[PDB]
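Indexing begins at 1, ligand by ligand and atom by atom, following the structure's order. Just so you know, residue 1 is the first one in the sequence shown, and it goes up from there.
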Amino acid sequence: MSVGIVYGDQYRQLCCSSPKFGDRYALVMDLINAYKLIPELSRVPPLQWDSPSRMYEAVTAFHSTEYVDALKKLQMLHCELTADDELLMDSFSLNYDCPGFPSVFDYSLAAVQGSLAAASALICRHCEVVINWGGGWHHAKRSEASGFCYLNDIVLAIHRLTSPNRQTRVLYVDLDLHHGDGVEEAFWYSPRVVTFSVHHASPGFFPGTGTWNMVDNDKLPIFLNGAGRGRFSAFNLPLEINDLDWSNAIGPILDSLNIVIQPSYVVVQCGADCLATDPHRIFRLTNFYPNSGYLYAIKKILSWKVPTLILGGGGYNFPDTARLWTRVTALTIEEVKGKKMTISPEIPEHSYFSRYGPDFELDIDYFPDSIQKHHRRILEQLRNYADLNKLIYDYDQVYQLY
Ligand SMILES: O=C(NO)c1ccc(Cn2c3c(c4cc(Br)ccc42)S[C@@H](c2ccccc2)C3)s1
Ligand SMILES: [K+]
Ligand SMILES: [K+]
Ligand SMILES: [Zn+2]
């Protein structure tokens, strides 16, 4: 019922203004349009503020005044650096892996604009599900920029998320290869927003969080999962993996969270760093139809009949990221609108066609205990969280999932 997608001319220009990603958003958008999926999707234009003060209020709802001012100064100055300017940019980590360029603030803000527009569309009940491939930056902190993430659109969108109903709870699920540290930290003390991440964790791997907590004692390391009343609310799955193993690792956890928490809204990060074709070469996820962990997770999330917001994020293989996200968009249309879509395995000729070689197939050119202990730990954590928040559940079906 009226799936949503976020795109616009200025949105296209500014989302494709990052030297790291280049024209990834342009390729993704052109691949959705080339398969004639745009007429099956409702346009959600990015949200604009009537005054710069309103934008400041919206952004600083999570971030700090000094950080936003420093990012604006970086954008202004890049359009040499003084010693004090270098010092201030280093203090906020506005360099190194987050380099400056003339459109840092504009692009980082456009991502938040799209995410907040999707949030408003979900709240107003205009769209059952809204999609935004220009956002999904889960590494941005209050007073820090990490992993080319300057503004955390996810945190602000979740915060923005009335009928009589009752207390509102939002379930965040992160499928990026890297840990959702920013969203977890933002809602570390909040039980209403339940943050879950599935990621790779190895020593020296960015960021190194979402795994066993290293402390100074002889006891075995444990998993930190919140504080105060937001304790036991942060869930993380660190994995050392193919589509089937990833699907079996994710399924029971997300089903248990949906059953227990009973959230009003769901927000999914679909960063494409887990693809086997990704240059990082960590996980072995694909985009294949016959039954891909991405598609399985998305379908199982959509099966809950809960309003959902899908975001992009990580991914360096722009054509294959576009293939994955186009398949995800088509499957969302099929699941929500109830209208099947027959995606042509041969990629239609379009603008960026030349970059989808050399086989020009929709499927990507790739030819293909820890988990049970993790399952038990997350099951106990979910039990503790449910008892802490006094949630009603049978404690029998959830065990049967595992
Ligand atoms: O957006 C992301 N996930 O969603 C990211 C994951 C990793 C990131 C951070 N990073 C890294 C490189 C790099 C080159 C530019 Br230009 C800008 C940022 C960069 S090479 C590597 C590296 C960094 C530091 C030292 C050695 C190698 C990791 S961005
Ligand atoms: K993740
Ligand atoms: K939390
Ligand atoms: Zn990533």
Side-chain angles (χ1 to χ4, degrees), residues 15 18-22 24-25 62 93-101 104 107-108 111 133-141 144-155 158-159 161 169-202 204-210 223-236 239 257 260-261 263 267 269-275 278-283 285 294 311-318 321 324 378 381-382 384-386 388-389:
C15 288
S18 46
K20 186 70 185 306
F21 295 92
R24 189 184 72 155
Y25 185 77
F62 163 55
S93 308
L94 288 170
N95 56 338
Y96 308 121
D97 287 8
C98 299
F101 44 92
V104 279
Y107 154 62
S108 306
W133 301 128
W137 318 116
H138 63 168
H139 291 302
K141 307 295 177 56
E144 204 162 7
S146 201
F148 214 86
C149 303
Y150 304 87
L151 269 84
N152 205 314
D153 65 305
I154 301 160
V155 167
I158 302 187
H159 172 260
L161 259 304
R169 274 152 285 99
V170 183
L171 175 49
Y172 174 59
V173 284
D174 197 306
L175 274 64
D176 191 297
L177 181 60
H178 303 93
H179 176 229
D181 55 343
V183 190
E184 177 179 295
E185 285 174 38
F187 297 107
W188 182 259
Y189 309 92
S190 187
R192 300 292 171 79
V193 175
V194 178
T195 295
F196 169 56
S197 185
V198 49
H199 40 279
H200 176 66
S202 54
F205 191 62
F206 160 72
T209 167
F223 271 51
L224 290 186
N225 42 5
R229 256 167 68 164
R231 201 201 177 187
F232 302 123
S233 72
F235 302 91
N236 291 314
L239 303 171
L257 306 158
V260 169
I261 276 64
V267 46
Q269 208 272 8
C270 194
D273 284 329
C274 312
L275 275 188
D278 200 70
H280 301 325
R281 274 290 300 266
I282 304 304
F283 286 174
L285 273 73
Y294 282 109
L311 279 164
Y316 207 64
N317 202 146
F318 313 145
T321 294
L324 173 61
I378 318 196
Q381 176 182 338
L382 168 72
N384 283 319
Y385 171 82
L388 174 71
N389 281 114

>> What protein heavy atom lies closest to atom 16 (Br) of ligand 1? Include the residue and the distance to one decimal.
In response: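 Checked against all protein heavy atoms, atom 16 (Br) of ligand 1 sits closest to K20 CD, 4.0 Å.
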>> Distances under 2.8 Å only: what protein N/O/S atoms are near the Zn ion (ligand 4), ordered by chain and residue?
In response: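 Listed by chain and number, the atoms are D176 OD1, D176 OD2, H178 ND1, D273 OD2.
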>> With salt bridge (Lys or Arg N to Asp or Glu O under 4.0 Å) as the rule and sequence neighbours excluded, what pairs involving residues 177-197 come up?
In response: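 Non-adjacent pairs meeting salt bridge (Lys or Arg N to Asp or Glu O under 4.0 Å): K141-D181, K141-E185.
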So, for [atom], does the protein have a heavy atom nearer than 4.0 Å?
atom	value
atom 20 (S) of ligand 1	no
atom 27 (C) of ligand 1	no
atom 12 (C) of ligand 1	no

> Is the K ion (ligand 3) under 3.4 Å from any N, O or S atom of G230?
Replying inline: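 Not a single backbone or side-chain N, O or S atom of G230 is under 3.4 Å from the K ion (ligand 3).
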> Which atom pair, heavy atoms only, marks the closest approach of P191 to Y385?
Replying inline: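 That would be O-OH, 2.6 Å.
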>> Using every non-hydrogen atom in the two residues, find where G134 and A111 come nearest and quote the distance to one decimal.
In response: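 Minimum heavy-atom separation between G134 and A111: O-CB, 3.5 Å.
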>> Regarding atom 17 (C) of ligand 1: of the candidates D176, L177, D97, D273, which has the closest heavy atom?
In response: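 Heavy atom nearest to atom 17 (C) of ligand 1 belongs to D97.
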> Heavy-atom distance to atom 1 (O) of ligand 1: which of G147, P207, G312 wins?
Replying inline: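 Looking at heavy atoms only, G147 sits closest to atom 1 (O) of ligand 1.
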>> Using a plain distance cutoff, I'd like to know if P99 has any nitrogen or oxygen under 3.5 Å from a nitrogen or oxygen of ligand 1.
In response: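 N/O-N/O distance under 3.5 Å: no.
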